[PDB]
Structure formats: structure tokens, C-alpha cells
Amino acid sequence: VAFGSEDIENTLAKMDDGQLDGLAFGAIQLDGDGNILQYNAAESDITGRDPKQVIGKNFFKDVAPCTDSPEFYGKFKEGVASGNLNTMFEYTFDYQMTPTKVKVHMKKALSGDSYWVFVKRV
């Protein structure tokens, strides 16, 4: 399945973490407060993060401080609150990694209590 698909959450809902590693784009699943539930192979190839070492940590506080801003983290909380997280925008990842421009797609998961952050290079 492709990045930005209109029903991407349906497709990923039925995938085990083994299949998540096969996606063409980065995929991070977070709970309502931003804690990392899943972190696929594609994302680690972009950021250099070891899934083993980031799963369980908080994305906005510990792992990705540059995303702790109104336009990323702020948008995330608004979507968690409204129950309708679904937005795509461009961003630059630069903490402990070479500055990398990406396109981000945040979307609520089907469980309704977990959320997706999808990433691809631009």
C-alpha cells in the first residue's frame, strides 16, 4: 500500500509488526499521549533509531524533540482530542541525524485509541 492512501489505516490495521517492516514508508504507532507502540524498519532507516530502544518512550518528549511544536505535536493532540486525526504536511527531522526533509501523514488508527505517524523522504 502507498503513502497517503485514503484508507491506509484499514490496510495497516490487519498487519503484524513483521508486515509493518515491509512498508515502503516509515510508520510509527503512538498512543494518545505520544508513547511509541510500534516503530517500523523503514522509519529506522531514515532516522537511525533502534526500534528496541525507542518503543515505549515518548515520541515528542524523548525521541523527536524537533516535532514538539504547535504544527506537529500540537496538531497531534488536537486530533487525539477531536477523534478525527488526519492531516498531511511537510517537516524537517534534524535531531541526532543529518537534516532530512520529509512529508508526514498523521492518521487515527481503527482501534480509536492508537494513532499513526507516517513518514517519507521528499
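Note that residue numbering begins at 1 and tracks the sequence as displayed.
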Averaging only over Cα atoms, indicate whether 39 to 47 or 24 to 32 has the higher B-factor in the PDB entry. 39 to 47
If you rank every modelled residue in this chain by C-alpha B factor, which third holds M97: lowest, middle or highest? highest
Relative C-alpha B-factor of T67, binned into the chain's lowest, middle or highest third: lowest
Quick check for you: using the entry's CA B-factors within this chain, is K77 in the lowest, middle or highest third? middle
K14 - which third its CA temperature factor falls in, relative to the rest of the chain: highest
Here the Cα B-factor of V117, set against its chain, lands in the third termed lowest
